[PDB]
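Below you will find one chain, with nothing else, as structure tokens; this is the form deposited in one PDB entry, and questions on how it binds or moves follow later.
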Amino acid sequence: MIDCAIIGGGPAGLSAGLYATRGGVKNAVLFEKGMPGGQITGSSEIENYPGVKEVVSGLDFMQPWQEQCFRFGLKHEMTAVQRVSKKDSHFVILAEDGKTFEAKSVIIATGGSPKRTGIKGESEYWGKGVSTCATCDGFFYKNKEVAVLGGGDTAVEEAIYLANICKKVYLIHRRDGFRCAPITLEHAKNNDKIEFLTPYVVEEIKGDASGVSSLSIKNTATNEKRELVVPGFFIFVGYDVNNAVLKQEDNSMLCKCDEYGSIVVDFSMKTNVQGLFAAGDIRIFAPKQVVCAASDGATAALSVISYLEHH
């Protein structure tokens, strides 16, 4: 059977594959439902991966990972995994096509999904002015004006963060009330670089081939419309980790997860199930950066190597 099955081919899984195979794992298989690369391939520009000097698209950034991470014997399985289960001292991987695979160890590296809005223009402008990543994309708008959408802890915290980089932040939310921590709302309210736009909705994201240039917004109470001119629009309307593969036939989870469904790991990326590891945005307290996902992947692979030595 497979020595290590890696579920997901974003930076976490790719790095895990590289490390596992270069660490002597003889039969490592990367399961990935599309082309490996993960979420960054949706972005028109990345500049914050340490050691990579030139600013390029996310797709171009991930291109060299394909040859490199497979250079040491990693195998690809292009399929959507439906379920990972533990059976005796190994794992059973069920694919959506009905195929089954068996593995001695497993690294879950399935990432997560920012919640989207379906606002007109969102799909076209995703990654070219529409972002869900303030750390990744904020600095591209240094001394420029941007808008933020949402009323939770993430939206308000990120508005505050962006206010220290951008000239001005328009915080757009569909009610006068917010569900973030009152203390955080207090801080945002007292920041002169944040302009609250409530109760508002965004009706259209406008731009051209080079990206976003304006938002059509509307006051929900008065129906007054306005065209807000900004090159960056940050959407923080929620988030869900991709933990579907953990769900067992009896509805339980494969391994321990937190309140939000993220996989609990220790510093070795070990779950509470022997031979099961996790890496990247799927795990608790993940920073949601490529370098961090890749580090988790490496760490999980090193833990797999140690586990397989004794098993």
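Between two forms, the rigid core is defined as the largest C-alpha subset superposing within 1.5 Å. The first residue of the shown sequence is 1; numbering continues from there.
Form deposited in another entry: not shown, discussed below.
Only one entry in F72, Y161, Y125, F101 has its C-alpha moved by 2 angstroms or more between this form and the one not shown when the rigid core is superposed, and that entry is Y125.
With the core held fixed, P199 shows a CA shift below 2 Å between this form and the one not shown. Put the two forms on the same core and the Cα of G138 is off by less than 2 Å between this form and the one not shown.
Positional change of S213 between this form and the one not shown reaches 2 Å or more at the C-alpha, relative to the superposed core.
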